[PDB]
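Participant: Just so it is clear, I am handing over my_file34.cif, which has mmCIF, C-alpha atoms (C1' of nucleotides) and all ligand atoms.
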```cif
data_start
loop_
_atom_site.label_atom_id
_atom_site.label_comp_id
_atom_site.auth_asym_id
_atom_site.auth_seq_id
_atom_site.Cartn_x
_atom_site.Cartn_y
_atom_site.Cartn_z
CA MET A 20 228.31 58.43 111.17
CA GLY A 21 225.19 56.32 111.79
CA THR A 22 221.97 55.99 109.74
CA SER A 23 219.11 58.31 108.70
CA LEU A 24 219.12 61.58 110.65
CA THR A 25 216.07 63.47 111.95
CA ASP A 26 215.16 67.08 111.25
CA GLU A 27 216.28 68.27 114.70
CA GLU A 28 219.66 66.86 113.75
CA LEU A 29 220.46 67.56 110.13
CA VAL A 30 219.77 71.25 110.71
CA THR A 31 221.87 71.43 113.90
CA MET A 32 225.18 69.93 112.75
CA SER A 33 227.96 71.72 110.83
CA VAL A 34 228.73 71.56 107.09
CA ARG A 35 231.86 69.35 107.28
CA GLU A 36 230.20 67.19 109.92
CA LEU A 37 227.68 66.45 107.17
CA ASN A 38 230.22 65.47 104.51
CA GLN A 39 231.06 62.82 107.12
CA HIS A 40 227.66 61.07 107.39
CA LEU A 41 227.59 61.80 103.65
CA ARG A 42 230.28 59.33 102.52
CA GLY A 43 228.72 56.69 100.30
CA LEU A 44 225.57 58.10 98.68
CA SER A 45 224.79 58.46 94.95
CA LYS A 46 225.49 61.83 93.26
CA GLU A 47 221.81 62.73 93.86
CA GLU A 48 221.63 61.53 97.48
CA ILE A 49 224.51 63.95 98.07
CA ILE A 50 222.65 67.08 96.97
CA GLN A 51 219.08 66.01 97.81
CA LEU A 52 220.22 65.56 101.42
CA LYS A 53 222.02 68.91 101.66
CA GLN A 54 218.75 70.25 100.24
CA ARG A 55 216.59 68.79 102.99
CA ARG A 56 219.06 70.66 105.27
CA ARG A 57 218.66 74.06 103.55
CA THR A 58 214.89 73.55 103.47
CA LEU A 59 214.96 72.79 107.21
CA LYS A 60 217.21 75.82 107.66
CA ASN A 61 214.90 78.22 105.76
CA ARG A 62 212.00 76.98 107.83
CA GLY A 63 213.82 78.35 110.87
CA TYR A 64 214.79 81.62 109.18
CA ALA A 65 211.11 82.08 108.44
CA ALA A 66 210.34 81.63 112.12
CA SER A 67 212.78 84.35 113.20
CA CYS A 68 211.48 86.62 110.46
CA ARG A 69 207.94 86.23 111.73
CA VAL A 70 209.05 87.02 115.30
CA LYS A 71 211.35 89.86 114.30
CA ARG A 72 208.46 91.34 112.35
CA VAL A 73 206.40 91.35 115.54
CA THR A 74 209.12 92.48 117.97
CA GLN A 75 209.94 95.35 115.71
CA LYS A 76 206.36 96.51 115.70
CA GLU A 77 206.49 95.96 119.44
CA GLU A 78 209.22 98.54 119.68
CA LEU A 79 207.38 101.19 117.72
CA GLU A 80 204.32 100.68 119.88
CA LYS A 81 206.56 100.99 122.97
CA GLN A 82 208.31 104.15 121.80
CA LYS A 83 204.97 105.53 120.56
CA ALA A 84 203.67 105.03 124.08
CA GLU A 85 206.57 106.75 125.80
CA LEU A 86 206.97 109.44 123.10
CA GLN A 87 203.41 110.46 124.03
CA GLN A 88 204.15 110.13 127.75
CA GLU A 89 206.53 113.09 127.57
CA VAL A 90 204.36 115.15 125.16
CA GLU A 91 201.60 114.76 127.77
CA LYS A 92 203.35 116.43 130.73
CA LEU A 93 205.00 118.90 128.28
CA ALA A 94 201.52 120.07 127.29
CA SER A 95 200.45 120.36 130.94
CA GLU A 96 203.77 121.81 132.21
CA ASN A 97 203.46 124.51 129.54
CA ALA A 98 199.80 124.95 130.55
CA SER A 99 201.07 125.79 134.07
CA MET A 100 203.78 128.15 132.71
CA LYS A 101 200.89 130.25 131.39
CA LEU A 102 198.35 129.94 134.22
CA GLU A 103 200.77 131.38 136.81
CA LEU A 104 202.46 133.70 134.31
CA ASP A 105 199.00 135.18 133.75
CA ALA A 106 198.60 135.89 137.49
CA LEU A 107 201.99 137.67 137.50
CA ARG A 108 200.52 140.10 134.96
CA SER A 109 197.11 140.65 136.58
CA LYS A 110 198.85 141.28 139.92
CA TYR A 111 200.33 144.15 137.85
CA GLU A 112 197.58 146.69 138.61
CA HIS B 19 188.87 64.90 74.90
CA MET B 20 187.79 68.55 75.98
CA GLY B 21 188.13 71.96 77.89
CA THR B 22 188.50 75.80 76.96
CA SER B 23 191.45 77.60 78.65
CA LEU B 24 191.21 80.94 80.52
CA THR B 25 193.94 83.08 82.25
CA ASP B 26 194.61 83.86 85.91
CA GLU B 27 193.50 87.51 85.74
CA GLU B 28 190.34 86.48 83.89
CA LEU B 29 189.43 83.66 86.25
CA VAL B 30 190.03 85.78 89.37
CA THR B 31 188.22 88.91 88.18
CA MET B 32 185.51 86.91 86.44
CA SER B 33 182.18 87.07 88.31
CA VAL B 34 180.15 84.24 89.81
CA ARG B 35 177.65 84.18 86.96
CA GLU B 36 180.27 84.52 84.26
CA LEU B 37 182.16 81.70 85.91
CA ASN B 38 179.11 79.51 85.86
CA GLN B 39 178.67 80.00 82.09
CA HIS B 40 182.36 79.23 81.49
CA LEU B 41 181.51 76.00 83.28
CA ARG B 42 179.06 74.57 80.73
CA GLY B 43 180.81 71.82 78.82
CA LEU B 44 183.61 71.36 81.41
CA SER B 45 183.96 67.82 82.77
CA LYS B 46 183.22 67.48 86.49
CA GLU B 47 186.88 67.00 87.35
CA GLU B 48 187.57 69.95 85.11
CA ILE B 49 185.09 72.04 87.13
CA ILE B 50 186.82 71.09 90.36
CA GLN B 51 190.34 72.04 89.20
CA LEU B 52 188.94 75.26 87.79
CA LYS B 53 187.12 76.24 91.02
CA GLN B 54 190.20 75.34 93.08
CA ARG B 55 192.55 77.28 90.82
CA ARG B 56 190.18 80.24 91.27
CA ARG B 57 190.41 79.91 95.05
CA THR B 58 194.15 79.56 94.99
CA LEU B 59 194.22 82.72 92.87
CA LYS B 60 191.86 84.43 95.32
CA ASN B 61 194.07 83.47 98.23
CA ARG B 62 196.98 84.96 96.34
CA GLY B 63 195.27 88.33 96.58
CA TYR B 64 194.19 87.97 100.18
CA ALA B 65 197.85 87.30 100.91
CA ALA B 66 198.88 90.36 98.94
CA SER B 67 196.37 92.61 100.71
CA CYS B 68 197.70 91.16 103.87
CA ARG B 69 201.33 92.06 103.10
CA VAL B 70 200.19 95.56 102.18
CA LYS B 71 198.10 96.07 105.31
CA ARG B 72 201.28 95.26 107.25
CA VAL B 73 203.27 97.99 105.47
CA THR B 74 200.34 100.34 105.69
CA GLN B 75 200.08 99.90 109.45
CA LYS B 76 203.82 100.12 109.93
CA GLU B 77 204.29 103.50 108.22
CA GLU B 78 201.20 104.66 110.10
CA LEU B 79 202.98 103.90 113.36
CA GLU B 80 205.97 106.00 112.39
CA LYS B 81 203.96 108.78 110.72
CA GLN B 82 202.49 108.95 114.25
CA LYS B 83 205.72 109.08 116.21
CA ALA B 84 206.52 111.66 113.53
CA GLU B 85 203.64 113.70 114.91
CA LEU B 86 204.91 113.23 118.46
CA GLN B 87 208.56 114.06 117.85
CA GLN B 88 207.46 117.16 115.95
CA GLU B 89 204.86 117.86 118.63
CA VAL B 90 207.28 117.48 121.55
CA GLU B 91 209.21 120.17 119.60
CA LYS B 92 206.45 122.73 119.00
CA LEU B 93 206.12 122.38 122.79
CA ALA B 94 209.84 122.20 123.67
CA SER B 95 210.15 125.56 121.85
CA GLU B 96 206.93 126.91 123.44
CA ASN B 97 209.09 126.01 126.46
CA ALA B 98 211.58 128.69 125.28
CA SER B 99 208.76 131.20 125.80
CA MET B 100 209.08 130.62 129.54
CA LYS B 101 212.56 132.16 129.73
CA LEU B 102 211.06 135.50 128.69
CA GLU B 103 207.85 135.12 130.74
CA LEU B 104 209.53 134.11 134.03
CA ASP B 105 212.60 136.38 133.88
CA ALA B 106 211.10 139.62 132.50
CA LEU B 107 207.92 139.53 134.62
CA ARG B 108 209.36 137.96 137.82
CA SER B 109 211.93 140.72 138.64
CA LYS B 110 208.80 142.83 139.29
CA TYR B 111 207.59 141.11 142.64
"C1'" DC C 1 181.78 80.57 100.60
"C1'" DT C 2 184.93 84.89 101.34
"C1'" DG C 3 188.52 87.03 103.55
"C1'" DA C 4 192.48 86.79 106.72
"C1'" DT C 5 196.68 85.15 108.48
"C1'" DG C 6 200.50 81.67 110.73
"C1'" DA C 7 203.43 78.41 108.95
"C1'" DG C 8 206.18 76.62 105.64
"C1'" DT C 9 208.39 76.42 100.78
"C1'" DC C 10 210.97 78.81 97.34
"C1'" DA C 11 213.49 82.12 94.69
"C1'" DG C 12 216.46 85.91 94.70
"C1'" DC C 13 219.53 89.16 96.78
"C1'" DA C 14 223.42 90.29 100.04
"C1'" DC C 15 227.37 89.16 102.46
"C1'" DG D 1 227.10 78.21 102.60
"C1'" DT D 2 224.23 81.50 105.69
"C1'" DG D 3 220.67 84.40 106.72
"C1'" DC D 4 216.70 87.11 105.34
"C1'" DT D 5 212.42 88.37 103.24
"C1'" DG D 6 208.86 89.03 99.34
"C1'" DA D 7 205.55 86.23 97.07
"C1'" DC D 8 203.03 82.22 97.02
"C1'" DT D 9 200.45 77.99 98.73
"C1'" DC D 10 197.97 75.65 102.21
"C1'" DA D 11 195.31 74.77 106.14
"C1'" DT D 12 192.03 76.57 109.06
"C1'" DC D 13 189.34 79.86 111.39
"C1'" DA D 14 185.61 83.83 111.88
"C1'" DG D 15 181.83 85.67 109.85
MG MG E 1 205.57 77.66 96.31
#
```
How does the structure come out when it is put into structure tokens?
Ligand SMILES: [Mg+2]
Facilitator:
Amino acid sequence: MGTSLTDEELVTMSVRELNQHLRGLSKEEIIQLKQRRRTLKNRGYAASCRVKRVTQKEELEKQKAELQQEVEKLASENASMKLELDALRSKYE
Amino acid sequence: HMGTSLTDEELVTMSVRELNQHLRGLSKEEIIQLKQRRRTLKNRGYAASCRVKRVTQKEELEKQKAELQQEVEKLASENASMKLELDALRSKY
DNA sequence: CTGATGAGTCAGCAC
DNA sequence: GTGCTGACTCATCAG
């Protein structure tokens, strides 16, 4: 067990490992402490959520880039399959 | 004691001059709470607009890769026009 | 001050 | 219990 645990601790340990440093604490101290855990936990979930949110937009911007890369040479490749196909028709005379 | 009680919608939509009339009578402390509640309410909106703007800009990114996946297609098919213009006019030179 | 936005808290849903 | 995310509050910054 030990004494009072810090944030970087309560949130890291397992659920049973908590019932351990939990022995001997009024009915309220029992919940209120598991609460401070959940709260600390949510705080972290929020942090992933913020990141995720960004890294997902990152991906669209990345695809977007590339899926414009192709439709750039596909507009120029087809511009060339018309410039030389036009000289294979004028040669016809 | 004293005070006349408004509603969120009212207080937020209310205008600066209306607000100032609704102030007459209100104890100083009462003014403070009121002005703060208004701000909190205002932030609520800013936050809402903010959430929106995120959605807005996210669809917009897709509804743009939606114009690049459908544009790499109107050009992948204009790429089918080459089979006829490089096989039917290139067996003549 | 007004508007915007990261961080954190909270409820509510999903597994 | 765990993880996630919408809505909200708060601090804090540009304009
Ligand atoms: Mg709250």
Participant: Which protein, DNA or RNA residues have an atom within 9 Å of ligand MG 1 (chain E), counting only C-alpha atoms (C1' of nucleotides) and all ligand atoms, as a PyMOL selection string?
Facilitator: (chain C and resi 9-10) or (chain D and resi 7-9)
Participant: Between A:87, A:109, A:95, A:39, which is the closest to chain B once you count all atoms listed in the file?
Facilitator: A:87
Participant: What residues in chain D have any atom no more than 9 Å from chain A when counting only C-alpha atoms (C1' of nucleotides), and can you write them as a PyMOL selection string?
Facilitator: chain D and resi 1+3-5
Participant: Write out as a short mmCIF file (atom, residue, chain, number, x, y, z; two decimals) with C-alpha atoms, in the coordinates of the input the residues lying within 12 Å of residue A:106, counting all atoms listed in the file and excluding same-chain residues fewer than 3 positions away.
Facilitator:
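Generated output (result04.cif):
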```cif
data_model
loop_
_atom_site.label_atom_id
_atom_site.label_comp_id
_atom_site.auth_asym_id
_atom_site.auth_seq_id
_atom_site.Cartn_x
_atom_site.Cartn_y
_atom_site.Cartn_z
CA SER A 99 201.07 125.79 134.07
CA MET A 100 203.78 128.15 132.71
CA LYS A 101 200.89 130.25 131.39
CA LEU A 102 198.35 129.94 134.22
CA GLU A 103 200.77 131.38 136.81
CA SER A 109 197.11 140.65 136.58
CA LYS A 110 198.85 141.28 139.92
CA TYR A 111 200.33 144.15 137.85
CA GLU A 112 197.58 146.69 138.61
CA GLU B 103 207.85 135.12 130.74
CA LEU B 104 209.53 134.11 134.03
CA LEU B 107 207.92 139.53 134.62
CA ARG B 108 209.36 137.96 137.82
CA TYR B 111 207.59 141.11 142.64
#
```
Participant: Starting from chain B, keep only residues with some atom at most 7 Å from an atom of chain A, counting all atoms listed in the file, and report them as a PyMOL selection string.
Facilitator: chain B and resi 79+83+86+90+93+97+100+103+107
Participant: Work out how far atom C1' of residue D:11 is from atom CA of residue B:57, in Å to one decimal.
Facilitator: 13.2 Å
Participant: What's the separation between atom CA of residue A:22 and atom CA of residue A:42, in Å to one decimal place?
Facilitator: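 Separating atom CA of residue A:22 from atom CA of residue A:42 is a distance of 11.5 Å.
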Participant: Could you tell me how far atom CA of residue A:59 lies from atom CA of residue A:71, in Å and to one decimal?
Facilitator: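 Result for atom CA of residue A:59 versus atom CA of residue A:71: 18.8 Å, one decimal.
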Participant: Each residue of chain B lying at most 12 Å from chain C should get a row with its shortest atom-to-atom pair and the distance in Å to one decimal, counting all atoms listed in the file; could you produce that, ordered by chain and increasing number, as a Markdown table?
Facilitator:
```
| residue | atom | partner | partner_atom | distance |
| --- | --- | --- | --- | --- |
| B:34 | CA | C:1 | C1' | 11.5 |
| B:53 | CA | C:1 | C1' | 11.8 |
| B:57 | CA | C:2 | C1' | 9.7 |
| B:60 | CA | C:2 | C1' | 9.2 |
| B:61 | CA | C:3 | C1' | 8.5 |
| B:62 | CA | C:3 | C1' | 11.3 |
| B:63 | CA | C:3 | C1' | 9.8 |
| B:64 | CA | C:3 | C1' | 6.7 |
| B:65 | CA | C:4 | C1' | 7.9 |
| B:66 | CA | C:4 | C1' | 10.7 |
| B:67 | CA | C:4 | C1' | 9.2 |
| B:68 | CA | C:4 | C1' | 7.4 |
| B:69 | CA | C:5 | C1' | 9.9 |
| B:71 | CA | C:4 | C1' | 10.9 |
| B:72 | CA | C:5 | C1' | 11.2 |
```
Participant: For stretch 20-27 of chain B, list every protein, DNA or RNA residue within 10 Å, evaluated using only C-alpha atoms (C1' of nucleotides), and leave out those in the same chain fewer than 4 positions away; present the list as number ranges by chain.
Facilitator: B: 31-32, 40-45, 48-49, 52, 55-56, 59-60
Participant: Please supply stretch 49-73 of chain B, rebuilt with N, CA, C and O atoms, as a PDB file, in the frame of the given file.
Facilitator:
```
ATOM      1  N   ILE B  49     185.758  70.993  86.358  1.00  0.00           N
ATOM      2  CA  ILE B  49     185.090  72.040  87.130  1.00  0.00           C
ATOM      3  C   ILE B  49     185.859  72.253  88.429  1.00  0.00           C
ATOM      4  O   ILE B  49     186.237  73.379  88.788  1.00  0.00           O
ATOM      5  N   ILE B  50     186.085  71.139  89.116  1.00  0.00           N
ATOM      6  CA  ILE B  50     186.820  71.090  90.360  1.00  0.00           C
ATOM      7  C   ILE B  50     188.168  71.835  90.250  1.00  0.00           C
ATOM      8  O   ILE B  50     188.399  72.806  90.953  1.00  0.00           O
ATOM      9  N   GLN B  51     189.045  71.386  89.367  1.00  0.00           N
ATOM     10  CA  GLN B  51     190.340  72.040  89.200  1.00  0.00           C
ATOM     11  C   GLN B  51     190.126  73.528  89.009  1.00  0.00           C
ATOM     12  O   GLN B  51     190.763  74.353  89.674  1.00  0.00           O
ATOM     13  N   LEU B  52     189.225  73.871  88.094  1.00  0.00           N
ATOM     14  CA  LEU B  52     188.940  75.260  87.790  1.00  0.00           C
ATOM     15  C   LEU B  52     188.549  76.051  89.043  1.00  0.00           C
ATOM     16  O   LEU B  52     189.127  77.104  89.311  1.00  0.00           O
ATOM     17  N   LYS B  53     187.567  75.552  89.801  1.00  0.00           N
ATOM     18  CA  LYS B  53     187.120  76.240  91.020  1.00  0.00           C
ATOM     19  C   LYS B  53     188.249  76.380  92.050  1.00  0.00           C
ATOM     20  O   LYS B  53     188.384  77.418  92.710  1.00  0.00           O
ATOM     21  N   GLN B  54     189.074  75.340  92.156  1.00  0.00           N
ATOM     22  CA  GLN B  54     190.200  75.340  93.080  1.00  0.00           C
ATOM     23  C   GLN B  54     191.246  76.349  92.624  1.00  0.00           C
ATOM     24  O   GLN B  54     191.742  77.144  93.420  1.00  0.00           O
ATOM     25  N   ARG B  55     191.587  76.319  91.345  1.00  0.00           N
ATOM     26  CA  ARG B  55     192.550  77.280  90.820  1.00  0.00           C
ATOM     27  C   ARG B  55     192.042  78.704  91.126  1.00  0.00           C
ATOM     28  O   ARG B  55     192.825  79.601  91.460  1.00  0.00           O
ATOM     29  N   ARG B  56     190.733  78.918  91.012  1.00  0.00           N
ATOM     30  CA  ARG B  56     190.180  80.240  91.270  1.00  0.00           C
ATOM     31  C   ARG B  56     190.463  80.604  92.716  1.00  0.00           C
ATOM     32  O   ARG B  56     190.932  81.695  93.003  1.00  0.00           O
ATOM     33  N   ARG B  57     190.180  79.678  93.625  1.00  0.00           N
ATOM     34  CA  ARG B  57     190.410  79.910  95.050  1.00  0.00           C
ATOM     35  C   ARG B  57     191.876  80.198  95.332  1.00  0.00           C
ATOM     36  O   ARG B  57     192.225  81.158  96.036  1.00  0.00           O
ATOM     37  N   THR B  58     192.740  79.357  94.789  1.00  0.00           N
ATOM     38  CA  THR B  58     194.150  79.560  94.990  1.00  0.00           C
ATOM     39  C   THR B  58     194.518  80.969  94.553  1.00  0.00           C
ATOM     40  O   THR B  58     195.267  81.657  95.233  1.00  0.00           O
ATOM     41  N   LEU B  59     193.974  81.389  93.415  1.00  0.00           N
ATOM     42  CA  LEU B  59     194.220  82.720  92.870  1.00  0.00           C
ATOM     43  C   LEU B  59     193.658  83.804  93.811  1.00  0.00           C
ATOM     44  O   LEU B  59     194.256  84.860  94.001  1.00  0.00           O
ATOM     45  N   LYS B  60     192.507  83.519  94.401  1.00  0.00           N
ATOM     46  CA  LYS B  60     191.860  84.430  95.320  1.00  0.00           C
ATOM     47  C   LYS B  60     192.715  84.550  96.560  1.00  0.00           C
ATOM     48  O   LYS B  60     192.888  85.645  97.095  1.00  0.00           O
ATOM     49  N   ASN B  61     193.243  83.427  97.031  1.00  0.00           N
ATOM     50  CA  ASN B  61     194.070  83.470  98.230  1.00  0.00           C
ATOM     51  C   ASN B  61     195.312  84.307  97.951  1.00  0.00           C
ATOM     52  O   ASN B  61     195.809  85.019  98.826  1.00  0.00           O
ATOM     53  N   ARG B  62     195.809  84.211  96.724  1.00  0.00           N
ATOM     54  CA  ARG B  62     196.980  84.960  96.340  1.00  0.00           C
ATOM     55  C   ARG B  62     196.771  86.446  96.643  1.00  0.00           C
ATOM     56  O   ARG B  62     197.668  87.133  97.149  1.00  0.00           O
ATOM     57  N   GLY B  63     195.578  86.933  96.337  1.00  0.00           N
ATOM     58  CA  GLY B  63     195.270  88.330  96.580  1.00  0.00           C
ATOM     59  C   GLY B  63     195.165  88.615  98.059  1.00  0.00           C
ATOM     60  O   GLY B  63     195.787  89.548  98.563  1.00  0.00           O
ATOM     61  N   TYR B  64     194.368  87.813  98.755  1.00  0.00           N
ATOM     62  CA  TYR B  64     194.190  87.970 100.180  1.00  0.00           C
ATOM     63  C   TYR B  64     195.550  88.112 100.824  1.00  0.00           C
ATOM     64  O   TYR B  64     195.738  88.930 101.710  1.00  0.00           O
ATOM     65  N   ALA B  65     196.491  87.291 100.372  1.00  0.00           N
ATOM     66  CA  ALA B  65     197.850  87.300 100.910  1.00  0.00           C
ATOM     67  C   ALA B  65     198.536  88.616 100.586  1.00  0.00           C
ATOM     68  O   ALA B  65     199.267  89.170 101.411  1.00  0.00           O
ATOM     69  N   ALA B  66     198.302  89.107  99.374  1.00  0.00           N
ATOM     70  CA  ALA B  66     198.880  90.360  98.940  1.00  0.00           C
ATOM     71  C   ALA B  66     198.334  91.497  99.800  1.00  0.00           C
ATOM     72  O   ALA B  66     199.093  92.284 100.353  1.00  0.00           O
ATOM     73  N   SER B  67     197.012  91.574  99.921  1.00  0.00           N
ATOM     74  CA  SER B  67     196.370  92.610 100.710  1.00  0.00           C
ATOM     75  C   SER B  67     196.938  92.576 102.095  1.00  0.00           C
ATOM     76  O   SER B  67     197.148  93.607 102.746  1.00  0.00           O
ATOM     77  N   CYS B  68     197.177  91.363 102.550  1.00  0.00           N
ATOM     78  CA  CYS B  68     197.700  91.160 103.870  1.00  0.00           C
ATOM     79  C   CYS B  68     199.094  91.758 104.032  1.00  0.00           C
ATOM     80  O   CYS B  68     199.367  92.421 105.028  1.00  0.00           O
ATOM     81  N   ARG B  69     199.970  91.532 103.054  1.00  0.00           N
ATOM     82  CA  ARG B  69     201.330  92.060 103.100  1.00  0.00           C
ATOM     83  C   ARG B  69     201.243  93.578 103.192  1.00  0.00           C
ATOM     84  O   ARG B  69     201.865  94.216 104.053  1.00  0.00           O
ATOM     85  N   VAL B  70     200.462  94.132 102.270  1.00  0.00           N
ATOM     86  CA  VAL B  70     200.190  95.560 102.180  1.00  0.00           C
ATOM     87  C   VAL B  70     199.799  96.055 103.562  1.00  0.00           C
ATOM     88  O   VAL B  70     200.563  96.752 104.227  1.00  0.00           O
ATOM     89  N   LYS B  71     198.599  95.683 103.991  1.00  0.00           N
ATOM     90  CA  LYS B  71     198.100  96.070 105.310  1.00  0.00           C
ATOM     91  C   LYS B  71     199.187  96.111 106.383  1.00  0.00           C
ATOM     92  O   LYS B  71     199.103  96.904 107.306  1.00  0.00           O
ATOM     93  N   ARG B  72     200.201  95.258 106.273  1.00  0.00           N
ATOM     94  CA  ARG B  72     201.280  95.260 107.250  1.00  0.00           C
ATOM     95  C   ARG B  72     202.103  96.518 107.076  1.00  0.00           C
ATOM     96  O   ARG B  72     202.397  97.199 108.054  1.00  0.00           O
ATOM     97  N   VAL B  73     202.487  96.799 105.824  1.00  0.00           N
ATOM     98  CA  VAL B  73     203.270  97.990 105.470  1.00  0.00           C
ATOM     99  C   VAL B  73     202.470  99.212 105.865  1.00  0.00           C
ATOM    100  O   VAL B  73     202.962 100.107 106.556  1.00  0.00           O
TER     101      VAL B  73
END
```
